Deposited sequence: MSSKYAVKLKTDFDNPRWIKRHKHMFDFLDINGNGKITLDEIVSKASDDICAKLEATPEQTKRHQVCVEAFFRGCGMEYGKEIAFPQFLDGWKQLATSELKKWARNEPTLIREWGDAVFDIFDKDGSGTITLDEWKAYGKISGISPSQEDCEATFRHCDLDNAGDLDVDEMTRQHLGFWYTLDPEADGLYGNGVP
């Protein structure tokens, strides 16, 4: 995994601007943790028929993850502050990675994969792409599976998706480009 960050690269800025705008469903330039956690729990976990325990675990992981980029309940965050939060989160996560401490993105991944049970099939990923809305095109979800190193069944493991996520969200690793097909630049 490419470990050096690239926070001034316009492509890294654009990646997160795309995601911010995707979360800013009402187009008012600000998002809150409340909205993110409702998306996680009331929308995604409900549609995935997660158990109450799984929903709660996933919520704790989403809360931790987005608190790591500066989000908080009731705190209206616009994109520049959000991105500064992501620089902090990425930095912290890479330190955890280096010291063999589980990352917040790994723990969120554990919670997502457990709802789908540490492997996800392509059909499960296609459903996630639609339900979370991050990648509603099934072709882009096929791209994810082509892109990643899959297990012997052609399923995706959380170790691999975690490595890919480090490169995609944190370091702009060329080896992670295309993780979400054309769904996320």
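Visitor: Mind pulling out the bits of the deposited sequence that never got modelled, as residue ranges from 1?
Guide: Counting from residue 1, the stretches without coordinates are 1-6, 124-127.
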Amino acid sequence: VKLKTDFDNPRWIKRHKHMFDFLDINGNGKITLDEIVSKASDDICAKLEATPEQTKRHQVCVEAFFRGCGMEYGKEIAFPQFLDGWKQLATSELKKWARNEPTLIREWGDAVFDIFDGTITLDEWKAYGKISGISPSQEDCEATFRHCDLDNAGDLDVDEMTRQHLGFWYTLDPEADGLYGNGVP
From here on, numbers count along this sequence of modelled residues.
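Visitor: Comparing 45-53 with 58-66, where is the mean C-alpha B-factor higher?
Guide: It is 45-53.
Visitor: Per the PDB record, is the mean Cα temperature factor higher over 97-105 or over 81-89?
Guide: According to the PDB entry, the answer is 97-105.
Visitor: Highest Cα temperature factor in the entry, among the options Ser132, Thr144, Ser137, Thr32: which one is it?
Guide: Across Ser132, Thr144, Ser137, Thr32, the entry lists the biggest C-alpha B-factor for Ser137.
Visitor: Going by what the PDB entry lists, where does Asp110 fall on CA B-factor within its chain: lowest, middle or highest third?
Guide: It falls in the middle third of the chain.
Visitor: Taking the chain's C-alpha temperature factors as the reference, tell me which third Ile13 falls into: lowest, middle or highest.
Guide: Lowest third.
Visitor: Would the CA B-factor of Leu172 place it in the lowest, middle or highest third of its chain?
Guide: It falls in the middle third of the chain.
Visitor: Looking at the entry's B-factor column for C-alpha atoms only, identify whether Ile36 ranks in the lowest, middle or highest third of its chain.
Guide: For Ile36, whose C-alpha B-factor we compare with every modelled residue in the chain, the answer is the lowest third.
Visitor: Quick check on the deposited entry: does the C-alpha B-factor of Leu150 sit in the lowest, middle or highest third of its chain?
Guide: It falls in the middle third of the chain.
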